[PDB]
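Protein chains: 6
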Amino acid sequence: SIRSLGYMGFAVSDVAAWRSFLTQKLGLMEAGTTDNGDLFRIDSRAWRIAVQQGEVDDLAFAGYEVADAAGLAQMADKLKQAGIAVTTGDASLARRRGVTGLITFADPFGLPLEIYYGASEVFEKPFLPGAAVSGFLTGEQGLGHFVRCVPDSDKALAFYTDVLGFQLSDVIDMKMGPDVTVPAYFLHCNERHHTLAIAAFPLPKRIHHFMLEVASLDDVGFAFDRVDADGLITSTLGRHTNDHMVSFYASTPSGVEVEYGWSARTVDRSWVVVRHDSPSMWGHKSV
Amino acid sequence: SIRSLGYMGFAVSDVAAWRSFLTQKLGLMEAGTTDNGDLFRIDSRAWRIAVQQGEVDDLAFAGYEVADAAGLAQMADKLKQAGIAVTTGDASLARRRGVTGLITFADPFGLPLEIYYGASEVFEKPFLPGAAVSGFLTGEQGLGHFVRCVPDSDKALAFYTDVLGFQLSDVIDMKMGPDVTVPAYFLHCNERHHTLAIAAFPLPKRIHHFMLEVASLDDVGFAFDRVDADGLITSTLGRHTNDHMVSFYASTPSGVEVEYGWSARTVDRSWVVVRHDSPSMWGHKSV
Amino acid sequence: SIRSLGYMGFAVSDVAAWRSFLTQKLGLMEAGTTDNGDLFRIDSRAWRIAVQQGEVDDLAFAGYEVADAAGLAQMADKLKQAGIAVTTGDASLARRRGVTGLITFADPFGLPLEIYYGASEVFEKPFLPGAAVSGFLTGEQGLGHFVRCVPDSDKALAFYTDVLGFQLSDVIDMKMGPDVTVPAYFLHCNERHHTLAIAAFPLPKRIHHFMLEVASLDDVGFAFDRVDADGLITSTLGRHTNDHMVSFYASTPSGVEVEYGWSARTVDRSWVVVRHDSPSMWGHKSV
Amino acid sequence: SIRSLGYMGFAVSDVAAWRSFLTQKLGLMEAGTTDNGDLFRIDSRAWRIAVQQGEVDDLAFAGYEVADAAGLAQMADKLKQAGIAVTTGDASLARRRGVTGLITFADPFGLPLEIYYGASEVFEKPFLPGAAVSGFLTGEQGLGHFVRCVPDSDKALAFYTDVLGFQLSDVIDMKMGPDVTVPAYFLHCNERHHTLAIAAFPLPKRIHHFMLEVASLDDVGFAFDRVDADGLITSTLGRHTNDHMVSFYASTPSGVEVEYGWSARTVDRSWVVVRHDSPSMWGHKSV
Amino acid sequence: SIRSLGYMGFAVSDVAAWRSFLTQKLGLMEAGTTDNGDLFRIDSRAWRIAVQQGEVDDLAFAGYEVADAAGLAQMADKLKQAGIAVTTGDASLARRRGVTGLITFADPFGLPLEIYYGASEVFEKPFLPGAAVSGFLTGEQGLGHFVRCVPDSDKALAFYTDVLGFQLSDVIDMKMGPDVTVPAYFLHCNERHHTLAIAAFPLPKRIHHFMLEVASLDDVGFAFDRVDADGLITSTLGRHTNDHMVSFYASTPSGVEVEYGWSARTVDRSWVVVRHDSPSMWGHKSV
Amino acid sequence: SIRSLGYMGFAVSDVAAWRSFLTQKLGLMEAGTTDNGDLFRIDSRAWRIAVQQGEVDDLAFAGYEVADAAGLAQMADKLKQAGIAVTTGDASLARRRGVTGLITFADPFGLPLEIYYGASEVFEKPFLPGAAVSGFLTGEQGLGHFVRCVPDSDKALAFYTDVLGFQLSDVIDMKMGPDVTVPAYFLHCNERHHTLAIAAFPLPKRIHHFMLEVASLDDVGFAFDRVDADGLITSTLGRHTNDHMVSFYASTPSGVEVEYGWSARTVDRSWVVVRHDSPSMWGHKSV
Ligand SMILES: Oc1cccc(-c2ccccc2Cl)c1O
Ligand SMILES: Oc1cccc(-c2ccccc2Cl)c1O
Ligand SMILES: Oc1cccc(-c2ccccc2Cl)c1O
Ligand SMILES: Oc1cccc(-c2ccccc2Cl)c1O
Ligand SMILES: Oc1cccc(-c2ccccc2Cl)c1O
Ligand SMILES: Oc1cccc(-c2ccccc2Cl)c1O
Ligand SMILES: Oc1cccc(-c2ccccc2Cl)c1O
Ligand SMILES: Oc1cccc(-c2ccccc2Cl)c1O
Ligand SMILES: Oc1cccc(-c2ccccc2Cl)c1O
Ligand SMILES: Oc1cccc(-c2ccccc2Cl)c1O
Ligand SMILES: Oc1cccc(-c2ccccc2Cl)c1O
Ligand SMILES: Oc1cccc(-c2ccccc2Cl)c1O
Ligand SMILES: [Fe+2]
Ligand SMILES: [Fe+2]
Ligand SMILES: [Fe+2]
Ligand SMILES: [Fe+2]
Ligand SMILES: [Fe+2]
Ligand SMILES: [Fe+2]
Ligand SMILES: [Fe+2]
Ligand SMILES: [Fe+2]
Ligand SMILES: [Fe+2]
Ligand SMILES: [Fe+2]
Ligand SMILES: [Fe+2]
Ligand SMILES: [Fe+2]
C-alpha cells in the first residue's frame, strides 16, 4: 500500500524565481542540479521537490512511496486490474529520481503519477535550511500534501480511494458564492490528516496548493514575514477546522499557492468521517 | 460497526423549561433552533441533544455513529438480515440531523433509532458552556449513555448485542424490594464502560436516565448545587461499583432523570464480564 | 480462552488455624462464611480463597476465569472434543461460587477444576487487609499461581497446554540430588510469568505451594517476620531466576506451602522459551 | 519465525589471544570452558560467543533463536521444502550448546548455521564484564549482527529472505573504487536495524565483522582506547547512515574485524526500504 | 563545613584476607598499592578505603571532606578555638592521601581524624567492581557511614556536633538486655541520613561497623550469598526504622563488621528529630 | 557579580580565512560588519565573536557580562579598591559593542578585558548557522570558555578569583614531560563547569584555545569531518575528566586553537574542588 507522498516535480517558466522563493522564503535546502532539474530538500532525503524549466508553471508529477519491491508490485497489479495503463520506470528514470524501482501512470485527469520504493537518503550531507527554520515535519507522514483540482470530484475520489487506496478523513463544503458550494475531500494514507485533497475549484492548474509543515510556530511566523515583504501572502495566519493546522498561504512564482503550517493533529484507525461548513476555525482571511 | 452514541432527541411538553435546565443547570450550549428543534452542544459537534415540542416527555430518538459510508451499509445489511425494517434517511432528514447519510429503524420495543455517518463539526463556533463547566468528555467515547427500560431484558439484550453489536461489560442485580431483584445489563461499543444499559424497571418512559460526563470533580460539585437549589436532586453524590463514575442524579422537566458524572474507568479488549449486587460503592443515597 | 486463575478452595483439618494464618500472617481479609466455606479476599472480588473442613489438608479445587459466556462455551467444547468428562455447574454451585456460569471437570491426575465467567465484585465492601499489607497484585494477572505435583509431567504438560491453552514460559531443571534432576515447567495464560507450574516432586499433596503477590517489598518483609515468629519459614528471602520475583516460602497448617512475593517481571508475545539450572538468583535458602 | 541471532562460534589459531582480546579489550565475561570451547558472555545467557582451536581463523557457526519447539519445527519444514539438507541436532550437540532443541544446516555458501530454542540462562551467575563496560544491549534484539561475505549477493539475499525470513531494512552501494561499487544489504528479524548484512567483498573470510552494542558512549570511548593502545583500530569513531550507530572497528586476532557501538535506532512495521551511497554520516575514517 | 566522609584507613593483621573480602565479597575495585597501603575504590575517586598492615585490626583513621581551601581553614580555626591540637598535614602525607591539603587531629577518644580538600579523581581509569555490583552510591553523600563506639556518648556527641558541625537525625534506644538500654545517635553532614553514628557499645574496637551503599536490591542479594558461603553473615536482610535502608551485616577479617545496603531515604532542612525503640522495621535477625 | 563570558574579539592577519573557518567549518552565523569588525553569532545576541584586522593573530579582548548597571558599578568599585586602572567605556565604545554600559581594564598580564551590561538581542533576525549545526549552548552559561596562558598562574588565579570573583572548580596537573608538570586551574562564574582556565603553557599567545558548545553529538561529529578535510584537527574526539565534555580541538587561522564540544556536566553550590592527573577520560589523542 502507498505509505506517503514522497516527492513532487514542478515545471516552471522562471526557475531562478522558484530557487529564490523555496530557499530564501520557505527555507528549503538547495541540493544540486541534475537531469532531474534543480533539487531541493527539507530533510534527510536526497530531494523532495524538483524544479524544471517548463512553460506550464504547474505540478509536473508527484511520487507516492511504497514500503518495498513487493508493495510496488502489488500496486502495479491493482492499477492494471483497474484498467490503468502502467509503465515500468526504466533504469534512466529510476536513476533520475534516485529510487530503486518505480512505475508510472496518470490519474483520471492527466496528472502524471509515480509510485516508487527505495529512495535515496543523504544523512552524510546534513540538512541545512536556506532560511531560519527549526525543521520540517516529515518522517512517516511524508512530504506534506497537495490539493488536486478536478472537473469531477466523484470520479477523482473513486480513483484515489478505490484504486490507490487513500482513505477519507473528512469533507468540507466550501462556500464559493451565494449559489455555489463545492465539496472538498481530504484523504489520508498514513497518520497525516491528509496527504491529498480533491475539489472542483475554478483554477487553471492541476493543484491549488502544496503544503509543507514545520516544527515550530516561530518557523511559520518568520516565514510569513519573509513572504509578506514581497507582497506574496494570499491568506493571513489561521487554523483549519479539520486538521487543526496553523498556517498561512502564499503565491509561488507560478501562481499556484503554497501553504506553510504547524501543529496539525493526526488520524488513527479510530478516526470517524465528519463534515464541515468552513475550512478555518479562525484567521485565514483572504488578502 | 457502531462506534458511539452520537446524539439524542427529546420530545417535551415544556421546551422553555428544558432550555433553562440544560443550559443554566447542566451547562450545555444553546446552538440555535432549526427544523430539528432547539439544539444543544457539549463539544465541537453542531449538536448532541435536540429538544422538540411534544406531549410524550421522553426520549424521541437516538442516533448511533458509524465510521463511514461502508460502515453504514454493513449495519444496514445486518439489520435487514435480522428481519428488521430499515429505511434510508431521505435528504430532508439527513439535512435536519446535519449528517451525510443515515438509516432509521426501531428497537424491539418501539424506540426510534438511527445509525449515521459524517456528522457536522463546528470548530469555527467554539464551545462555550451555559454554566461554569470546564468541559465535557466525549471524543471516541461519544455523548455518554442512557438506560433503556424494557419489559423483557433478555429480548432487548439479544437485539442490542446480536444485531447492533454492543458488548457486555457487566451485570448488576438491582434490589428493588425484598422479593424483587432485576438484572441491569451494561453494554459498551467503545472505551466508555457503557454507552447503553438495559433493565426491566417499572417506569412509564423509554429510559430511566441519560448521562453526561464532565472533566472535573468541581464541574459535578457546582452542578449539584445549581440543581439542588431548585430541589431537583434525586440521588446524592456517589461512585458506581462498575464504571467507578462519581456522579449524582436529578430530575429533568420530563420526569426522566439525568446523571452528571466524572472520572469513570474505561474498558479494553482485556476486560472480563463480572456481576455486582449493588450499583454504588458509596453515596448515591435516594433523596 | 482462559484469562487467569480466579479462585482456589482448600479442604483442611484445622479451619481455625487456616483462618488465623491467612488473616494475621498473610494479611487476607475475612469475607464471611457461606456454604462455600470460610471466604477470604485479597482484592475487590467477593472471595479468592475458600477454606472448608476436610481431612485431606490440600487444594480441593481451582477455578480458571474466562471473559464471558461465549468463552466458557468454547472451552467446554474443547474439553469435550479432547475426551474429557465435562459437567455444567448447576444453579446451586454457581450461587455457591458467586459466579454466573461454570463447568466442572478434573485434570489427568484427579484435581477438580472449574472454568467460570461472571464472578462477583464487592467494591461496596472495600478491601481491608487482616495485617499490614499495602495491597495485593491481581487485576488482569489473576490470583497468583500454584505448582501442581504430578507423577508424569509430560502428560500433565500436554493437558494444560493442548487442552486448556496454557503457554510455556520456561523450564527449570531442579536438582533434587546427585542422581536426581526433575524438570519444572512454568506456564502462563496472561501477563503473569506463570499462573501454573508443573513438576514431578515427591510430595503427598496435589500442590507444593500457591503464591500471592504483594505491592511492596515491605509487605513481604513484614510478613516474613510475622511468619518467622511462629517458626513457619521454609525458605529465606530470595529472587527467582525466571520470573524475578522476590519472595519467601512458609508452611500453611496443611503442610502445603505458600509463597509470598513482590516485583516479578511479566511476559509478552515477544517472550522466548528458555531453560535454567537453578530456581533462585540469590537467597531462598532452605531453613 | 527466527527471533534473533543468539550465538556465534569462532575457530581460531590463537585461543589465548582471543581470550585476552574479548575480555580485556571488549569487556566480555569469561564463562568457563566446555566441549563447546572457551565460552564468553555479555548478558544473562550462559554464553554468546564460543572460541575453539582451529586453523581457519573465522566464524565457525552461528545460531539463530526461535521462540519455542513449534517455531523450530516450522523453520525445519520451510528449509526442507526449500530443498535444504536439514539435520536434527543430537542430544550431544544440544547439551554442548546448552539448548533444548536445534537443527543444523548450511547457507548457500557453506556457513554452518543452527536454529535453536530454549537456550540456558544463568541469572544466578551475575554478569561481570572483563573490562569497564556499563552493559551490553541484547534482550529482544539478540547478540548483535555480522556481515556475511559472499560471491553472489543476489543468491544469498534470496536464501536469507525467502527461506530464513529475514526482512530488508536498506541498501548501501559501497564505493570500493572508481569502477567498483558493491551493494550491501542490511536485514532485520526483530527491532535491531540489522542482525545480518550481505555483501560481495573481496575478503578471504566468511564475515567481514561481527558487532556488539553497548549501553553508553563512554563504553565505546574507553574500549576504543584499550584497542588503540595495541594498534588494532581499523576505523575511527563514526556514526552510520542507516542504523545511526556510533561505533569504531578493530582487528581481532583472526583478521576478521569487530564493530563496537552505541545508540543505534531501531525499526518497526512502519519502516520503508531506502538506499544510501555512503555507510557513514561522519567519522569511520580508515586508519 | 564538612561535606562528607571521604575515606577510611584500616590497619589489619591479615592484609590478604581483607583484599579478598573487599573485592570478591563486597565488589570493591583493587586500585594499586602505595605508601598509603593497598587501595580500594567504589567510584571515580582514586581510593576510598586503604588497608595497611597492623596488629590493631580496626579503623586506623577517617577523612572528612570540605569543599575547598577556605573550608579547611575555617574548620582548622574552629578546632583550635575549641582547644583541639591540630596539625597541618605535610606534603608527604598529602601526597600519600592524594589530596591537595589536609589537617590532622584526634577525636575525644583517640580516633585519628583528618579533614581535607581537593582529593584525586581518576575518571580515566573507569571503575570496574571486583564482583557483580551495578554500582555504589556516593556522590554528594560521600562514602557511607560508620558507627563510633565510645565510653561516653554525651561527650562524643558534643564534639561531633558542636566542634565538627554534624547534625542530629534521630536517636534509637538500643535494648541490650532487660536492664540495659543504650542510646545510639545518628548524625548527618549532607543528604545521607547518617554519615556517623555514636553509641556506647561493649566492643573492643573504635567502630562497630562501616557501611557501603549499592544501587540495586540485587547487588545486596548477591553479596549476601557470597558472604554467606563463607559463614560470615551476622544479620539477615532487614530494613532500618530510621534511614529505611535495606541491608545485611557481615564480619570482616578484623571482627569489625560491614553493613551492605540499598534504598535508604535522605534528609533535608525540613527534617525533624525523632526517637525509636527498635533499629529494624523487619529482618536483621542476629545469626 | 560577573554572570558569564559574553563576547570575544580577535585581531587576525587573515580576516577572510577566519570568516570561512567560523562559518563553513564551525557553523557560526555571519552577522554583518561594523566598526567593531566582522561580527559572528551563535545565538540570539547581535554578536558573540568579532574579527578585526591585526597582525597579532590572537585574542584582542574579552567581555564579561553583569546583570545590570548596579552590578557594573559594584565590579568597578572592586577593581579600583584592588588598585586596578579602570576606565569607563565612552559612548562610542558602548555603541561599537552594542552594550548599554561598560568599563575597561587589563588583567595582570596585559589581556584587555571589559565588563558590561545590557547587550543587544536580535530575535527579529533569527539565528541561521553557517553550517549544519542543530544549535549552540549558551543561555545562562554564556558563550563558552577560553584558556588563559600566563607566566605565573598563582598571580593570575589570585586576580581572577579575589578581584573578578571567579570560583575554582578543579585542578588538573598537566604532564608536559618527564620533568615538567603544570597545574591548570578551571574556574566558574555560573553553571558552566568552567568559563575560564588558567595555565602556564609555553605558547606565544594569550590563550591556548576558546571553546564553543553545541547541542548534539552529531553537531560535533559533522564539524570534526569538515575541519579534518582541511587537515586542521589537533586532537581526536575525546571526553574530559573534569567537565565531561565530549569534544575535539582544531587550529584556527591564527594558530590559536578552538575546542568544539557537547554534553558537559554543570556545577552547583554543592560542588567540591578536586584534582586530576589527566585531562581526558578517553580520546583526545594528539594528531
Ligand atoms: O491562487 C491560485 C491558485 C492556483 C492557481 C492560480 C492561477 C495561476 C495562473 C493563472 C491564473 C490562476 Cl487563477 C492561482 O491564482
Ligand atoms: O489543508 C487544508 C485544510 C482545510 C482546508 C483547506 C483549504 C482552504 C481553502 C481552499 C482550499 C483548501 Cl483545500 C486546506 O488547504
Ligand atoms: O425518576 C424517574 C425516571 C424515569 C421516569 C419517571 C417518571 C416520569 C413521569 C411519570 C412517572 C414517572 Cl415514575 C421518573 O420519576
Ligand atoms: O451509570 C450507572 C452505573 C451503575 C448503575 C447505574 C444505575 C443506578 C440506579 C438505577 C439504574 C442504574 Cl442503570 C448507573 O446509572
Ligand atoms: O513442604 C511441603 C510441601 C507440600 C507438602 C508437604 C507435606 C504435607 C504433609 C505431609 C508430608 C509433606 Cl512432605 C510439605 O512438607
Ligand atoms: O515461583 C517460582 C519460580 C521459580 C521456581 C520456583 C520453585 C522453587 C522451589 C521448588 C519449586 C518451585 Cl516451582 C517457584 O515457586
Ligand atoms: O579487515 C579484514 C576483515 C576480514 C578479513 C580480513 C583478512 C583476514 C586474514 C587474511 C586477509 C584478510 Cl584481508 C581482514 O583484514
Ligand atoms: O553496521 C553497519 C552499518 C552500515 C555500514 C556498515 C559497513 C561499513 C563498512 C564496511 C562494511 C559494512 Cl557492512 C556497517 O557495518
Ligand atoms: O561484631 C563485632 C563488631 C565489632 C568488634 C567485634 C570484635 C572484634 C574482635 C574481638 C572481639 C569483638 Cl567483640 C565484633 O565481633
Ligand atoms: O545504619 C543503621 C541504622 C539504624 C541502626 C543501626 C544499628 C543496628 C544494630 C547495631 C548498631 C547500629 Cl548503629 C544501623 O547500623
Ligand atoms: O596549538 C597552539 C595553541 C596556541 C598557540 C599556538 C601557536 C601560534 C602561533 C605560533 C606558534 C604557536 Cl605554538 C599553537 O600552535
Ligand atoms: O575544557 C578542558 C577541560 C579539561 C582540560 C582541557 C585542556 C586539555 C589540553 C590542554 C589544555 C587544556 Cl585547558 C580543556 O580544554
Ligand atoms: Fe492545505
Ligand atoms: Fe484510516
Ligand atoms: Fe448511569
Ligand atoms: Fe469489548
Ligand atoms: Fe512459586
Ligand atoms: Fe504467550
Ligand atoms: Fe556493522
Ligand atoms: Fe519488518
Ligand atoms: Fe549502619
Ligand atoms: Fe540538617
Ligand atoms: Fe577547553
Ligand atoms: Fe561555586
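Residue numbers (PDB author numbering), protein chains in the order written: chain A, 2 to 288; chain B, 2 to 288; chain C, 2 to 288; chain D, 2 to 288; chain E, 2 to 288; chain F, 2 to 288.
Virtual Cβ for every residue (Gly too), placed ideally from N, Cα, C.
{"Query": "Helix, strand or coil, according to DSSP, for residue 1 of chain C in the structure here?", "Result": "Because chain C is modelled from 2 through 288, residue 1 of chain C falls outside the range shown and cannot be assessed."}
{"Query": "When DSSP labels each residue in this structure, what does E:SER236 get in the three-state scheme?", "Result": "strand"}
{"Query": "For A:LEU169 and A:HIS195, I'd like the C-alpha separation in whole angstroms.", "Result": "9 Å"}
{"Query": "Taking the CB atoms as reference points, tell me whether F:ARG46 and F:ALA120 lie closer together than 8 Å.", "Result": "yes"}
{"Query": "Contact check, D:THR242 vs A:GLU125 under 8 Å by CB: the rounded distance?", "Result": "6 Å"}
{"Query": "When you measure from the CB of B:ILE173 to every non-hydrogen atom of ligand 4, does any distance come out below 7 Å?", "Result": "yes"}
{"Query": "Let me check you understand the geometry: is the CB of F:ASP244 closer than 7 Å to at least one non-hydrogen atom of ligand 12?", "Result": "yes"}
{"Query": "Identify, in the order they occur along the chain, each residue of the same chain with its Cβ nearer than 8 Å to the Cβ of B:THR162, setting aside the five sequence neighbours on each side.", "Result": "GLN168, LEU169, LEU188"}
{"Query": "For E:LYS79, report the span of its alpha helix (DSSP H) as first-last.", "Result": "70 to 82"}
{"Query": "Whose CB is closer than 5 Å to a heavy atom of ligand 23? List the residues in chain order.", "Result": "F:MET212, F:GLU260"}
{"Query": "Check whether the segment 219 to 239 of chain D and the segment 178 to 187 of chain D touch, using three or more Cβ-Cβ pairs below 8 Å as the test.", "Result": "no"}
{"Query": "When you compare only the Cα positions, how much space is there between C:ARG149 and C:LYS286?", "Result": "22 Å"}
{"Query": "Where do the N-terminal and C-terminal ends of the alpha helix (DSSP H) with A:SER154 fall, by residue?", "Result": "154 to 159"}
{"Query": "To be precise: take each residue of the segment 267 to 280 of chain F, compare its Cβ to all Cβ atoms of chain E, and keep it if any distance is under 8 Å. Which residues remain?", "Result": "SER271, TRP272, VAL273, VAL274, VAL275, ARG276, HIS277, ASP278, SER279"}
{"Query": "Would you mind sorting B:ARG4 into buried or exposed? The rule is 16 or more other CB atoms within 10 Å of its CB.", "Result": "buried"}
{"Query": "With three or more C-beta pairs closer than 8 Å as the rule, is the segment 256 to 272 of chain E touching the segment 51 to 64 of chain E?", "Result": "yes"}
{"Query": "DSSP state of E:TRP283, grouped into three classes?", "Result": "strand"}
{"Query": "Please list the partners that A:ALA47 has in chain F, where partner means a Cβ-to-Cβ separation under 9 Å.", "Result": "Per Cβ cutoff of 9 Å: no residues; A:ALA47 is ~15 Å from chain F at best."}
{"Query": "Ends of the beta strand (DSSP E) at C:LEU129?", "Result": "Taken as a continuous stretch (DSSP letters only), C:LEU129 belongs to no beta strand (DSSP E), as it is neither H nor E."}
{"Query": "Is D:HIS241 near ligand 8, in the sense that its beta carbon is under 7 Å from a heavy atom of that ligand?", "Result": "yes"}
{"Query": "So is the beta-carbon of A:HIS189 under 7 Å away from any non-hydrogen atom of ligand 14?", "Result": "yes"}
{"Query": "What is the rounded straight-line gap between the Cα of E:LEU29 and the Cα of D:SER135?", "Result": "16 Å"}
{"Query": "Okay, do the segment 268 to 276 of chain C and the segment 112 to 119 of chain D touch, 3+ Cβ pairs below 8 Å being the bar?", "Result": "yes"}
{"Query": "Under the criterion of a Cβ to heavy atom distance below 7 Å, does D:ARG270 qualify as lining ligand 20?", "Result": "yes"}
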